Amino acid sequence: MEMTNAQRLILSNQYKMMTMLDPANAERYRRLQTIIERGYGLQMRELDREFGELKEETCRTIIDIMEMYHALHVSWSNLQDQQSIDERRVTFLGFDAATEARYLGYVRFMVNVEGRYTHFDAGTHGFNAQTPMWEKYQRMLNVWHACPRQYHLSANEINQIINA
C-alpha cells in the first residue's frame, strides 16, 4: 500500500493522537506507527487488505434482489388463490456464508444497521442461505424486470420468476 510520504506523516500523527486519546491501546498504535514510519512493506501490504470493496452496482443488485422478494411476497399475499405456491419460495433466503460472505455481510448491514427490510423473515441463521444463491437471483431478476408490472403480480408471473 503506497502511500505518499505526506500521507505517511498524516497517519503517523494519527497514531500519536490515538495513543494520547486511548493509551490502553498504545501498543497497537505504536506498532502501526513503526510500520508506517519505517515503511515496512510486508506489513504495509497486510494493512492494505483490511480494506475491502463492494462495487456500487453490486450493492444495488443485492438491494434489488431483496426488493424483488418484497414484490413477490406482497403479490403472493394478495393472491386469491395461492396456486399451491409455498410461502418459502417467495421468501428471501439470503446468501451462502461460505462462498458469498461479502453479499451476506451487506444484507446484514442493510437490515441491522441501515434498518431496511426489517419485516423480512431472517430465517434461523440471519439470512445465511447455506447454499450459493447469487446466480439464481440474477436469473430471477431478469424475469422480474421483464414483467410489465413488477408489483401486484399474477400467480403465473410469480412462478416464472421463482423458477428462473
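Residue positions are given as counts along the sequence shown, with the first one as 1.
S.K.: Please compare 28-36 with 116-124 and say which has the higher mean C-alpha temperature factor in the record.
M.R.: Result of the comparison: 116-124.
S.K.: Do the C-alpha atoms of 130-138 or of 52-60 have the higher average B factor in the entry?
M.R.: According to the entry, 130-138 carries the higher average C-alpha B-factor.
S.K.: Please rank the C-alpha B-factors of the chain's modelled residues and tell me whether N5 sits in the lowest, middle or highest third.
M.R.: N5: CA B-factor falls in the middle third of its chain.
S.K.: Would you please rank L153 by its C-alpha temperature factor against the other modelled residues of its chain and give the third it falls in: lowest, middle or highest?
M.R.: Within its chain, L153 is a highest-third residue by C-alpha B-factor, going by the deposited values.
S.K.: Where does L42 sit by CA temperature factor within its chain: lowest, middle or highest third?
M.R.: Tercile = lowest for this residue's CA B-factor.
S.K.: What third of its chain, lowest, middle or highest, does the C-alpha temperature factor of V107 fall into?
M.R.: Middle third - that is where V107 ends up once the chain's C-alpha B-factors are sorted.
S.K.: Classify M68 as lowest, middle or highest third according to the C-alpha B-factor given in the PDB entry, relative to its own chain.
M.R.: Tercile = middle for this residue's CA B-factor.
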